[PDB]
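1. Return a 3D structure for these sequence lines:
(chains A and B)
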Amino acid sequence: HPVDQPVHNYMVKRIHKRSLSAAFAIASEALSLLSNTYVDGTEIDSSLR
Amino acid sequence: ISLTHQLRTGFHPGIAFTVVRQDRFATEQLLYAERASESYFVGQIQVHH
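-> Numbers count the residues shown, from 1 in each chain, chains lettered A, B, ... in the order given. Take a look:
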């Protein structure tokens, strides 16, 4: 009974958009110690770093 | 009106008075801040605006 005909569907999906953000406070003191450690040498206390 | 009667023309009450002001003198300083009592503890330069 020749009546059949396969069908193919074509759905497309959108991507949407999300994000996550947070704050991370640096104390003047922590970035303080930071500044010397980038140039760590005989100076700049190691226990401090 | 009658007591500075006896206080503004020539006649005179069973009270009286006593001058002052609040005048001007002074002092100053020059110490001997010492060999073994007085201080600090040596160091730093660090920043925040």
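2. and the residue in chain A that chain B sits nearest to, how many neighbours?
-> Relative to chain B, the nearest point of chain A is residue A:28 (4.1 Å; Cβ to the nearest Cβ). Just so you know, the C-beta spots here come from the backbone N, C-alpha and C atoms, and that holds for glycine as well. When neighbours are counted by other Cβ atoms under 10 Å in any protein chain shown, residue A:28 registers 10.
3. surely it meets residue B:46?
-> Yes: when contacts are counted by Cβ atoms under 8 Å, residue A:28 is listed as touching residue B:46 (7.3 Å).
4. From residue A:48, how far out is the residue in chain B that chain A sits nearest to?
-> Taking Cβ to the nearest Cβ, chain A has its nearest neighbour within chain B at residue B:48, 4.1 Å off. In this structure, residue B:48 and residue A:48 are 18 Å apart, going by Cβ to Cβ, to the nearest Å.
5. still on that earlier bit, report the spatially nearest residue to the residue of chain B closest to chain A, omitting neighbours in sequence.
-> If you skip the residues right next to it in sequence, residue B:48 has residue A:28 as its closest partner in space, 4.1 Å away by Cβ to Cβ, 6 or more residues apart in numbering or on different chains.
6. what's the neighbour count on residue 47?
-> No chain in the question, so chain A it is. Look at residue A:47: counted by other Cβ under 10 Å, it has 4 neighbours.
7. wait, I meant chain B there
-> By other Cβ under 10 Å, neighbour count at residue B:47 equals 8.
8. Then residue B:48?
-> If you count neighbours by other Cβ under 10 Å, residue B:48 ends up with 8.
9. Just want the phi and psi numbers for it.
-> With angles defined as degrees, to the nearest 10, residue B:48 shows backbone torsions of phi -170, psi 130.
10. Distance-wise, check it relative to residue A:32.
-> Remark: distance between residue B:48 and residue A:32 (Cβ to Cβ) = 9 Å.
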